[PDB]
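Just below is one structure, and these are the notes that go with it.
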Amino acid sequence: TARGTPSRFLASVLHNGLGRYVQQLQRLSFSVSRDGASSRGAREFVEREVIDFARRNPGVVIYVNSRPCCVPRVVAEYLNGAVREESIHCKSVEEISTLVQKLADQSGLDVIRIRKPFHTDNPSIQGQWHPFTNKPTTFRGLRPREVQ
Amino acid sequence: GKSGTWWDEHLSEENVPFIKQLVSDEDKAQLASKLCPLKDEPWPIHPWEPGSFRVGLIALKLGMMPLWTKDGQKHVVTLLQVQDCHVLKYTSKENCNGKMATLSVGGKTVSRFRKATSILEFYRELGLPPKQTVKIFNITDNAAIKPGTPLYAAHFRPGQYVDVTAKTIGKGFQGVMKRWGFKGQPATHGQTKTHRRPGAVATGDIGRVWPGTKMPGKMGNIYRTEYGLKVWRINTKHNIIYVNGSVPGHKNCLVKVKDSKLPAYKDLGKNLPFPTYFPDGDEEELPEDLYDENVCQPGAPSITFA
Amino acid sequence: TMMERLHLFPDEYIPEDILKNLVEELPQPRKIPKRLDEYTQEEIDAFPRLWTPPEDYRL
Amino acid sequence: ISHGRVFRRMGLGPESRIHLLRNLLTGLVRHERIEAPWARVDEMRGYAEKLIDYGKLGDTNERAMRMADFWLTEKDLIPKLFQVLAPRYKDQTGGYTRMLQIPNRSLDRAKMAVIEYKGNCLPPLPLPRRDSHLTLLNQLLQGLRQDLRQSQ
Amino acid sequence: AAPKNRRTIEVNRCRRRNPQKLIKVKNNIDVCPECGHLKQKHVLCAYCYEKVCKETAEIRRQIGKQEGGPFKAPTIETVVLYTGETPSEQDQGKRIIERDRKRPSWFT
RNA sequence: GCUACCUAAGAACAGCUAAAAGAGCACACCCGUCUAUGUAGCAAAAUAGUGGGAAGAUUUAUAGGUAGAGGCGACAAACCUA
RNA sequence: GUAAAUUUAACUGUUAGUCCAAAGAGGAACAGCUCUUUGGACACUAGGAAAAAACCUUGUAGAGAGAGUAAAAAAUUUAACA
RNA sequence: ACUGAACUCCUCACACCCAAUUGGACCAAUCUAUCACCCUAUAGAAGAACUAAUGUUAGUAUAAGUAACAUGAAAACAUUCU
RNA sequence: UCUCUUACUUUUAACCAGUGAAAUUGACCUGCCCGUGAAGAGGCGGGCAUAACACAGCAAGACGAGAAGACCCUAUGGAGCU
RNA sequence: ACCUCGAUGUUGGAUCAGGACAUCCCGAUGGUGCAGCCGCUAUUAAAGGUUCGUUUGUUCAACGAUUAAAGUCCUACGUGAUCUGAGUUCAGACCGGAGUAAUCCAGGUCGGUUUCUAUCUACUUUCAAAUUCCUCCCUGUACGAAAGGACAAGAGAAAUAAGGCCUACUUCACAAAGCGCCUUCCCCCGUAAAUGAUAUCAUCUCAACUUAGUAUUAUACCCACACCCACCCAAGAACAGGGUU
Ligand SMILES: [Mg+2]
Ligand SMILES: [Mg+2]
Ligand SMILES: [Mg+2]
Ligand SMILES: [Mg+2]
Ligand SMILES: [Mg+2]
Ligand SMILES: [Mg+2]
Ligand SMILES: [Mg+2]
Ligand SMILES: [Mg+2]
Ligand SMILES: [Mg+2]
Ligand SMILES: [Mg+2]
Ligand SMILES: [Mg+2]
Ligand SMILES: [Mg+2]
Ligand SMILES: [Mg+2]
Ligand SMILES: [Mg+2]
Ligand SMILES: [Mg+2]
Ligand SMILES: [Mg+2]
Ligand SMILES: [Mg+2]
Ligand SMILES: [Mg+2]
Ligand SMILES: [Mg+2]
Ligand SMILES: [Mg+2]
Ligand SMILES: [Mg+2]
Ligand SMILES: [Mg+2]
Ligand SMILES: [Mg+2]
Ligand SMILES: [Mg+2]
Ligand SMILES: [Mg+2]
Ligand SMILES: [Mg+2]
Ligand SMILES: [Mg+2]
Ligand SMILES: [Mg+2]
Ligand SMILES: [Mg+2]
Ligand SMILES: [Mg+2]
Ligand SMILES: [Mg+2]
Ligand SMILES: [Mg+2]
Ligand SMILES: [Mg+2]
Ligand SMILES: [Mg+2]
Ligand SMILES: [Zn+2]
């Protein structure tokens with residue numbers, strides 16, 4: 001519910017698309033288990049697709065810890081200080097690949113209600129409307145029922 | 001936090017009677033200073049016009065007395081004493097509602113130690129003792145009198161009808177029987193704790209009680225007016241008006257006396273003084289007692305019918 | 001609140017502060033159907049006579 | 001409605017009220033100083049005034065004798081009333097039974113008064129003194145009084 | 001008649017927390033000039049009244065000791081005396097009660 | 001051990017009129033006519049007043065007896081532990 | 001034109017219905033009345049008729065700060081006489 | 001001419017709006033076998049899921065600080081008085 | 001008793017202090033008129049009204065609380081009696 | 001047979017009444033088989049009022065005495081968390097009748113427990129501008145043939161209702177009351193008439209217009225921003241209010 005949740009306006013981080021686009025994803029940290037049925041998708045993701053992902057985008061630092069865990073996880077850290085943690089528990093390799101690509105695609109801004117899906121900083125070019133726009137003037141600026 | 005205080009809290013054993021004496025002397029001097037309105041700077045005195053209204057006064061209810069007429073009939077009268085009545089302030093026609101001019105008139109004098117500071121400043125500027133009550137009279141512009149002038153009982157003349165307004169005797173929270181004259185319920189034929197109840201208050205269809213319904217509540221402590229009370233006698237020495245019948249309120253209460261507004265007495269003031277009664281320029285003092293022509297005076301030949 | 005922002009006067013008199021506040025008088029919706037006596041005799045001459053009456057009539 | 005109704009309803013009836021006031025008055029005559037609830041002390045003060053007046057009416061007066069006999073229930077304070085209390089107030093007319101308010105009763109938080117016949121060889125009560133004449137306001141008023149006397 | 005619905009804590013707070021039901025602040029309180037024990041205007045000081053009452057109780061105990069039994073009430077005035085304090089010439093016919101004390105510096 | 005009836009062996013009934021008395025007035029005592037209060041009440045039947053009886057077919061203490069397809073009942077479908 | 005139907009195997013639940021249009025019957029050519037038959041709607045969504053079960057428009061599911069539409073607003077004012 | 005649905009079109013996605021009844025895909029806790037080892041997996045099982053039974057028990061509210069209930073008086077706290 | 005009620009006393013009452021229940025309660029930010037509707041609306045439609053908050057009363061409504069209607073019907077549910 | 005049988009209490013009466021007008025009286029008009037007094041019928045008018053008793057539980061009804069009149073109806077056949085309980089209608093009983101009996105009777109009769117401490121809505125002085133009858137004069141006139149017998153204008157007396165008050169009287173007594181006293185003020189509309197067209201007469205006019213014709217653009221009340229421990233009060237449950245010179 002919108003009345004029961006926060007909200008924000010549509011925005012960029014540092015005017016991303018104005019000059020050069022920069023990848024907002026900074027780090028991906030993977031907790032995967034040596035043994036354990038829940039870390040099998042993560043195990044094969046590390047086997048095959050983590051190297052190609054790192055080669056594909058070199059602005060992201062990827063760590064893989066390989067520690068005993070019941071729930072494998074991925075923590076995404078973004079240039080604006082945002083931290084997001086996701087569970088890759090009992091997920092297929094395609095699911096994990098879609099998840100990490102989505103993480104690399106998003107920015108660090110909060111995923112909440114967006115409030116008017118456009119952000120213009122110069123909404124008016126010919127001048128914002130005021131009650132005197134589209135209103136003609138009078139001689140000597142004489143208001144109604146005046147004398148001189 | 002500032003503690004409260006009264007006038008004689010920090011005064012000394014010797015300073016209390018001195019302060020009382022001095023304040024009373026100043027009060028009496030101020031009262032005596034206003035004894036000659038026609039010599040200070042009187043406002044112009046206009047002749048009486050047909051559609052004109054003059055000022056009333058504030059009196060004190062003294063009590064009731066018997067009175068007899070030349071035909072032997074008995075009427076009970078109420079004595080209203082004018083203690084210290086002065087005109088306090090006058091507002092113009094256009095400064096209140098544009099309908100009629102107003103004159104404020106004050107009642108009996110009270111202590112200066114127990115009044116609001118704004119009221120004290122007002123009375124200091126006027127140069128008069130504070131008054132217990134102030135009542136406003138609607139007048140025509142030709143009847144205005146200068147503030148501070150004294151008003152006397154001879155302002156009203158015998159053979160005249162007045163209206164008397166006062167706060168009636170308060171009886172507190174009263175049951176519906178005494179308050180509205182409701183009949184109660186039988187006393188012994190089986191009734192269960194229902195001898196003075198109002199009974200039903202409404203019907204079932206409406207599902208509520210109408211605003212004007214009569215129910216138990218506070219009774220008596222409201223302003224009410226007695227209309228068309230004939231004055232029988234004026235006592236000039238003590239400033240007493242003898243008004244026919246009863247007057248609302250308890251004795252020693254302050255009442256507002258003014259000419260009756262009943263249509264039968266619209267223009268009867270052709271023979272009444274019309275700035276007010278001014279006892280300075282009269283050039284002839286009134287008798288101690290002015291009577292009505294139908295009243296058996298105390299010194300009478302002991303009337304015998306024929 | 002909208003009624004508090006409304007000011008009504010029965011005649012031509014308006015307070016001076018309100019008059020100094022006034023802007024952009026609105027035009028009247030009705031058209032004032034222009035009674036007979038204010039008709040600029042040129043207009044009477046322009047309007048035609050629809051019927052010739054008998055000379056021997058009293059009205 | 002109780003307009004002009006003196007004599008508050010004290011006990012379980014008029015006789016009970018009279019007997020309560022009689023007991024309080026007997027205690028006052030015996031002890032010269034009595035503490036009790038405020039309203040009862042008020043009524044008993046009103047009664048003690050007239051008791052002293054009846055005592056001043058004279059020892060040999062039969063009506064005063066009967067009144068004292070009724071209003072004193074110990075029969076050994078009647079000689080006290082006629083030969084100690086009444087001759088104590090020969091000069092004064094009505095100024096006795098000083099009454100003061102003491103803080104409150106402990107249990108039921110009742111408003112409490114103390115009442116005493118003047119004279120009273122008992123130690124004095126902490127009476128409320130008026131402000132001294134040497135205070136600043138009283139000195140200013142004294143100066144005003146002296147200036148007024150000079151102007152006279 | 002029974003309540004048709006339970007009263008809410010908001011309604012209850014409004015009823016029982018409004019200024020009519022609150023305790024009022026009193027400004028009758030000042031220091032006692034003697035003993036400085038925070039009396040109240042128009043009311044006697046509790047400390048001084050207790051002092052006077054203690055002295056009166058001791059005097060009354062002495063009165064009861066001197067009087068003997070009940071129904072005595074001597075037909076003469078009375079005067080209280082202390083250590084030393086020889087009786088004065090005006091108090092001859094009065095009963096004398098001297099318990100044992102130095103006369104307090106409030107009872108003269 | 002309440003209550004209905006019974007058995008054994010007890011007790012109580014002022015005063016006045018005493019007609020002689022399942023007589024009268026009237027206490028104690030037994031009952032409960034009418035009213036009011038009470039109705040989560042003092043009380044799961046009370047209180048105040050007023051009433052019927054009060055030497056008898058009376059009231060009452062103690063112990064015992066009759067029990068449910070029953071007991072007991074001056075039959076109220078009464079009572080047999082609210 | 002369409003894509004369903006029959007049979008076989010295994011079972012539950014529903015079997016106390018309403019209004020509207022039409023053909024009838026009973027009653028008063030009464031009933032928000034009772035009983036049959038044909039159809040619709042309701043007991044499922046949404047829009048309209050004021051709120052509205054049953055009248056009208058409309059159906060198959062999401063997001064959109066796009067668009068075209070459906071049903072959809074009640075009009076009437078009146079007596080001279082040869 | 002315009003307004004006006006969840007009707008229809010548009011960008012993307014679609015299993016994702018009937019009571020009783022019926023078919024199906026998943027699934028929380030727990031225990032057991034074997035894993036796992038910051039709390040999991042594959043299976044077997046069962047006292048396996050509560051916004052409602054004038055439900056049972058316990059806590060705490062509302063009514064409500066309401067209805068209601070107490071201590072004859074003075075004093076030396078000996079005593080006396082009503 | 002009543003025409004026709006009034007005055008006072010005690011209790012109750014109201015305020016202060018101490019102690020301190022019960023029935024009841026879906027949640028409530030709990031208005032009036034007309035209309036509507038499971039046919040008698042605080043909550044729906046159209047109007048009107050409308051700062052907040054204690055205390056004392058009253059009993060028109062909340063189809064007010066209490067008792068799973070005793071009247072009536074039904075149950076191949078009982079029991080007493082003849 | 002649509003809500004209610006996990007309760008919407010019933011007839012009469014008491015108390016308080018809200019409303020409709022299809023008006024019983026009081027107001028204003030038309031017609032009359034309206035001479036006058038009484039009437040009949042119709043239009044308009046709901047501000048005000050509309051009695052006490054015997055019998056019966058009665059709502060009704062009969063009867064007695066009055067009145068200006070003794071209205072009709074709705075309000076859960078208004079109103080039992082305000083009352084009553086005389087009927088109706090539980091358990092006891094009798095009589096007539098039915099039945100073998102138990103038992104029964106839209107038959108009668110004697111008797112027969114009426115609970116509730118108010119949470120919510122609503123409401124608790126809207127400060128006020130009365131009505132009717134009777135008497136006297138008119139007048140014994142208007143009117144007839146006789147009996148009979150009016151309006152209008154004026155004066156005076158009351159009664160009721162509303163609001164106050166205590167000097168007499170009375171219950172009483174530093175008060176409160178009635179059985180006592182005092183005061184009480186504007187209309188309302190349906191028609192009846194001038195001039196006059198449509199329709200050169202005439203026509204009161206959902207023709208323009210002139211009168212009876214509008215009481216109101218009503219007046220009376222009441223309308224002082226902070227001395228306040230405390231005491232008193234004709235103020236009051238508390239709070240508030242008045243006085244303390
Ligand atoms: Mg009565
Ligand atoms: Mg009772
Ligand atoms: Mg009674
Ligand atoms: Mg006998
Ligand atoms: Mg006897
Ligand atoms: Mg029998
Ligand atoms: Mg029987
Ligand atoms: Mg049907
Ligand atoms: Mg669709
Ligand atoms: Mg649209
Ligand atoms: Mg189990
Ligand atoms: Mg289970
Ligand atoms: Mg639970
Ligand atoms: Mg439960
Ligand atoms: Mg309460
Ligand atoms: Mg109480
Ligand atoms: Mg208390
Ligand atoms: Mg309705
Ligand atoms: Mg209340
Ligand atoms: Mg409700
Ligand atoms: Mg109920
Ligand atoms: Mg049931
Ligand atoms: Mg069957
Ligand atoms: Mg049917
Ligand atoms: Mg029912
Ligand atoms: Mg119910
Ligand atoms: Mg009519
Ligand atoms: Mg009824
Ligand atoms: Mg009721
Ligand atoms: Mg009987
Ligand atoms: Mg009752
Ligand atoms: Mg409510
Ligand atoms: Mg004649
Ligand atoms: Mg003649
Ligand atoms: Zn001290």
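Basis for what follows: all heavy atoms, side chains included, without hydrogens, waters or symmetry-related copies. Order of the sequence lines fixes the chain letters, A, B, ..., with proteins taken first and strands second; residue numbering starts at 1 for each chain.
The shortest side-chain heavy-atom distance between B/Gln174 and B/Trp180 does not fall under the 4.5 Å cut-off.
A donor and an acceptor atom never sit less than 3.5 Å apart when one is taken from the side chain of B/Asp205 and the other from the base of J/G18. B/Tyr223 contributes no side-chain N or O that forms a donor-acceptor pair with the base of J/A128 under 3.5 Å. Looking at B/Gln132, its side chain has no donor and acceptor atom pair within 3.5 Å of the base of J/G242. The base of J/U167 is paired with the side chain of B/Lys74 by a donor and an acceptor separated by under 3.5 Å.
Residue B/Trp68 holds its CH2 atom at 13.5 Å from CH2 of B/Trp232, rounded to the nearest 0.5 Å.
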Is there any protein nitrogen or oxygen under 3.5 Å from a nitrogen or oxygen in nucleotides 185-188 of chain J, and what are the pairs?
| residue | atom | partner | partner atom | Å |
| --- | --- | --- | --- | --- |
| J/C185 | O2 | B/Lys261 | NZ | 2.7 |
| J/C185 | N3 | B/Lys261 | NZ | 2.5 |

Output a table of nitrogen or oxygen pairs between the protein and nucleotides 111-115 of chain J separated by less than 3.5 Å.
none

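Rounded to whole Å, the distance from NE2 on B/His250 to P on J/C165 is 10 Å. In this structure, B/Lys2 atom NZ and J/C227 atom P are separated by 12 Å, rounded to whole Å. Atom CE in D/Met112 sits about 11 Å away from atom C1' in H/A74, given to the nearest Å. Following rounding to the nearest Å, D/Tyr47 (OH) and H/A74 (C1') show an atom-to-atom distance of 18 Å.
J/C232: sugar pucker north (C1'-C2'-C3'-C4' torsion positive). A positive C1'-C2'-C3'-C4' dihedral is found for the sugar of J/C90, placing it in the north range. South puckering is assigned to the sugar ring of J/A46, since its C1'-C2'-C3'-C4' angle is below zero. Judged by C1'-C2'-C3'-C4', the furanose ring of J/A17 adopts a north pucker. Here J/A212 counts as north. Its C1'-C2'-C3'-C4' torsion is positive.
Seen from the ring of B/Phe137, B/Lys256 counts as a face-on cation partner, given the 6.0 Å and 45° thresholds. Judged by the 6.0 Å and 45° rule, D/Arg22 forms a cation-pi pair with D/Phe70.
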| note | Heavy-atom contacts, protein to nucleotides 2-14 of chain I, under 4.0 Å, summarised as B (base), S (sugar-phosphate only) or - (none) per nt, yield S--SSSSSS----
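Atom NZ of B/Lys74 has more than 12 neighbouring heavy atoms from other residues, nucleotides or ligands inside a 6.0 Å radius. The neighbour count for D/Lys75 NZ, taken as heavy atoms of other residues, nucleotides or ligands under 6.0 Å away, is above 12. At most 12 heavy atoms of other shown residues, nucleotides or ligands fall within 6.0 angstrom of atom NZ in B/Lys89.
Applying the 4.0 Å criterion to OP1 and OP2 of H/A76, one finds that E/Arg60 has a side-chain N or O inside that range. Between B/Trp6 and J/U244, a side-chain N or O to OP1/OP2 separation shorter than 4.0 Å is absent. Contact annotation: B/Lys61 reaches the phosphate of J/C166 (side-chain N/O to OP1 or OP2, under 4.0 Å). Between B/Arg224 and J/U183, a side-chain N or O to OP1/OP2 separation shorter than 4.0 Å is absent. The shortest distance between the side-chain N/O atoms of B/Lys108 and the OP1/OP2 oxygens of J/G242 is not below 4.0 Å. Put simply, B/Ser111 has a side-chain N or O that comes within less than 4.0 Å of OP1 or OP2 on J/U244. An OP1 or OP2 oxygen of H/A41 is reached within less than 4.0 angstrom by a side-chain nitrogen or oxygen of A/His89. For the pair B/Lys256 and J/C221, the criterion of a side-chain N or O lying under 4.0 Å from OP1 or OP2 is met. Note on D/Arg30: every side-chain N or O is 4.0 Å or more away from OP1 and OP2 of H/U80. OP1 or OP2 of J/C227 lies within a sub-4.0 Å distance of a side-chain N or O belonging to B/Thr117. For B/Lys99, no side-chain nitrogen or oxygen approaches OP1 or OP2 of J/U217 to under 4.0 Å. Put simply, B/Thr78 has no side-chain N or O that comes within less than 4.0 Å of OP1 or OP2 on J/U167. Neither OP1 nor OP2 of J/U15 sits under 4.0 Å from any side-chain N or O of B/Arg197.
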| task | Kindly indicate, with the supporting measurements, whether the criterion side-chain contact (heavy atoms from CB on, under 4.5 Å) is fulfilled by D/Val29 and D/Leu72. | result | CA-CA 8 Å; D/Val29 175; D/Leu72 305 172; 3.8 Å; yes
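Salt-bridge formation is detected for the pair D/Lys80/D/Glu32: a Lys NZ or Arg NE/NH1/NH2 atom is positioned less than 4.0 Å from an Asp or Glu carboxylate oxygen. Using a 4.0 Å cut-off between charged side-chain N and carboxylate O, D/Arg40 and D/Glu43 make no salt bridge. Salt bridge annotation for E/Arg99-E/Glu55: present, with a cationic side-chain nitrogen under 4.0 angstrom from a carboxylate oxygen. A salt bridge links D/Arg33 with D/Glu116: the distance from a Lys NZ or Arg NE/NH1/NH2 to an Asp or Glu carboxylate oxygen falls below 4.0 Å. Between D/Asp42 and D/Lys111 there is no salt bridge, since no side-chain nitrogen of the basic residue lies less than 4.0 Å from a carboxylate oxygen of the acidic one. By the 4.0 Å N-to-carboxylate-O rule, B/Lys20 lies too far from B/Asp8 to be salt-bridged with it. Ion pair D/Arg105/D/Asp108 flagged as a salt bridge, since at least one NZ, NE, NH1 or NH2 atom sits closer than 4.0 Å to an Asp/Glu carboxylate oxygen.
For J/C21, the base adopts the anti conformation, since its glycosidic angle falls more than 90 degrees from zero. J/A106 takes the syn form, because its glycosidic angle lies no more than 90° either side of 0.
For the contact set between residues 2-30 of chain E and RNA chain H, defined by any heavy atom under 4.0 Å, the members are E/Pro3, E/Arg6, E/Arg7, E/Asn12, E/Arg15, E/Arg16.
Looking at heavy-atom distances under 4.0 Å, A/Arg34 makes no contact with the nucleic acid at all.
The footprint of chain B on RNA chain F, defined by a heavy-atom cutoff below 4.0 Å, extends from F/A36 to F/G38.
Of all nucleotides present, only F/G49 satisfies the Watson-Crick or G-U wobble test against F/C34, with each distance under 3.5 Å.
Two residues, D/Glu74 and A/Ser38, neighbour RNA chain H, and the one matched to the more 5' nucleotide by heavy-atom proximity is A/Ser38.
Listed by chain and number, the residues in a salt bridge (charged side-chain N to carboxylate O under 4.0 Å, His left out) with B/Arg124 amount to none (sequence neighbours excluded).
Applying the 5.5 angstrom centroid cut-off and the 30 degree plane-angle cut-off, the aromatic ring of D/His3 is not stacked upon the base of J/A234.
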